[PDB]
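The form deposited in one PDB entry is given below as one chain in structure tokens.
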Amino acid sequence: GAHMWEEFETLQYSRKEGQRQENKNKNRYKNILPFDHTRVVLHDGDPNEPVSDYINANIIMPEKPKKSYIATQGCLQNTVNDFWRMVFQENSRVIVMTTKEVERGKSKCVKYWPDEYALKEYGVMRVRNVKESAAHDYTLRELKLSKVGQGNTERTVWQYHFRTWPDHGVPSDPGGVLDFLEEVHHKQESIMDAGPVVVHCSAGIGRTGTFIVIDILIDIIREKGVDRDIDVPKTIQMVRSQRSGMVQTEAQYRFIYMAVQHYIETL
């Protein structure tokens, strides 16, 4: 059942790598840092770099196809290259961007994709944008990613860039997010053994957490049916044990229940 039995206020691991001096400028916000136990560790870095294994990102495992997520911050100018090393290494084929690049005059994510019909190299990674599709609530970008110089490493990465999240609050109706999530679901399932779905917003905790928790709950309903046991606080705590603070506001909390209730109504 998607009923709210408990209030948001009742919801309330080391982060050593993200606190290192060499990593300070890789964080958008000084005290929003990844837990060491779940962080994405980047291998095959430039051997001239003393620290090349860090990005502010955690794998989120729900605890049926086994689907996982990478929850991360919007790219900074100096972390675009590392963001593409992460997507490549993890075999991610779907990216979910939940913000504009700039909202109310503050940067939330540096543009990390090329324009439509262009290619750019971001460090050792080559990214080609072969087609955009602009739908009411989102734009889908079909990106081809390969390692520079390297034969047959190309794979398609589908970036779903949600466009209709308000600058204040949350959407007043979840229909846009549910249609977007259903297309992400079908895309991910269409690609054999795809890696984690990457999800980001400015800090990688509030909108990112709201999206990931809704998706996890809907996937439970896929497996178990509309009358299954749902426990939204328990799920939020389970995601919070893997990245600090996921789901930031009471409106986001209410929006989770509304989204799942609406999904159930659809069936």
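Start at 1 and count along the sequence shown; that's the residue number.
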If the chain runs straight from residue 63 to residue 64, say none; otherwise bin the unmodelled deposited residues as 1 to 3, 4 to 9, or 10 or more. 4 to 9
From residue 12 to residue 13, how many deposited residues does the entry skip: none, 1 to 3, 4 to 9, or 10 or more? 4 to 9
Entry-level comparison of average CA B-factors, 179-187 and 152-160, reporting the higher stretch: 152-160
Would you determine, from the values in the PDB entry, which of 143-151 and 83-91 has the greater average C-alpha temperature factor? 143-151
The largest CA temperature factor among 135, 109, 170, 125 is found at 135
Position of residue 28 among the chain's modelled residues by C-alpha B-factor, lowest, middle or highest third: highest
State the tercile, meaning the lowest, middle or highest third, of residue 98 with respect to the CA B-factors recorded for its chain. lowest
Ranking every modelled residue in this chain by its Cα temperature factor as given in the entry, which third contains residue 200? lowest
What third of its chain, lowest, middle or highest, does the C-alpha temperature factor of residue 129 fall into? middle
Among the modelled residues of this chain, does the Cα B factor of residue 67 put it in the lowest, middle or highest third? highest
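There is also a form solved in complex with a partner chain; it is not shown, and the following applies to it.
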Just one of 51-59, 217-225, 24-32, 231-239 has heavy atoms within 4.5 Å of its partner chain in the entry with it bound; which? 24-32
Spell out, yes or no, whether the shortest heavy atom distance between residue 40 and its partner chain in the entry with it bound is within 4.5 Å. no
